[PDB]
2 protein chains.
Amino acid sequence: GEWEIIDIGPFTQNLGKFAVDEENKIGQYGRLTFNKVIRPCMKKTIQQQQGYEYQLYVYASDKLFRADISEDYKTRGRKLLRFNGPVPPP
Amino acid sequence: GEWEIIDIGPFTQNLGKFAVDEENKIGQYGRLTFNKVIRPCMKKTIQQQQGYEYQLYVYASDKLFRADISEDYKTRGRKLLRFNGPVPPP
């Protein structure tokens, strides 16, 4: 959804320390030491949606395609999200 | 993030026509003619999420990393989604 550039302050600095500390628990990069958070820092808003997503193998014009359709839970309205192909038979 | 397979009944076939009808509105693959939907047809349940995502450039051990942090809106709890690098300065 909406994207926003957030200021570089104590809150963003604590986020960096939170990420590095959580990454050290995994140990993928060993034991890192947090230095600082630099610009740009981005804040993306996540919009909620409750429903289903049907992922189908469809034959169109004698070719196999991969189509993804979203459907809202309360409204049951659907939207085509993706349509790719041809793809090999599963 | 729950998954479930659904049959290729009348409901599943109807989704094929809606998908082919929509892609023809776009027209990337010409004027398609719907044939049929085959197995397997997968149905992913989407559960709503209300919050933000922080995408940060973090200096750790003098190396540049890119970290993504999620924050729930109703609870304000945060999670490290991805931590990769080193990456060049933006």
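If you check the PDB entry, chain A appears there as Monellin chain B,Monellin chain A from Dioscoreophyllum cumminsii.

## Describing helix α1 (residues 10-26) of chain B
The end-to-end C-alpha distance of α1 of chain B is 25 Å, a good match for the 24 Å that 17 residues give at a rise of 1.5 Å each. Where α1 of chain B terminates, the next one or two residues include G27 of chain B, which has phi positive at roughly 80 degrees.

## Thoughts on the interface of chain A and chain B
Note: interface size is frequently given as the accessible area lost on complex formation between the parts. Counting residues at the interface gives 56 residues for chain A, matched by 57 residues for chain B. Of all the secondary structure elements, the ones that give two or more residues to the side of chain A that touches chain B are α1 (10-26), β2 (34-46), β3 (51-60), β4 (63-72) and β5 (78-84) of chain A. Ranked by residue count, the leading element in the side of chain A that touches chain B is β2 of chain A, at 13 residues. Per-class residue counts for the side of chain A that touches chain B are 30 nonpolar, 14 polar and 12 charged. Both β2 of chain A and strand β3 (residues 51-60) of chain B contribute to a ladder of 9 bridges, which runs antiparallel. Directly across from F34 of chain A, in β3 of chain B, lies its bridge partner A60 of chain B.

About the thresholds
Residues numbered from 1 in each chain as written, not as in the entry; some residues may be left out. Chains lettered and ligands numbered in written order. Heavy atoms only, no water. Residues with missing side-chain atoms left out of burial classes, pairs and counts. Helix = DSSP H or I, 4+ residues; strand = E, 2+ residues; numbered from the N terminus. Expected span 1.5 Å × (residues − 1). Contact = heavy atoms within 4.5 Å. Nonpolar A, V, L, I, M, F, W, Y, C, P; charged D, E, K, R; others polar. Pairing = 2+ DSSP bridges.

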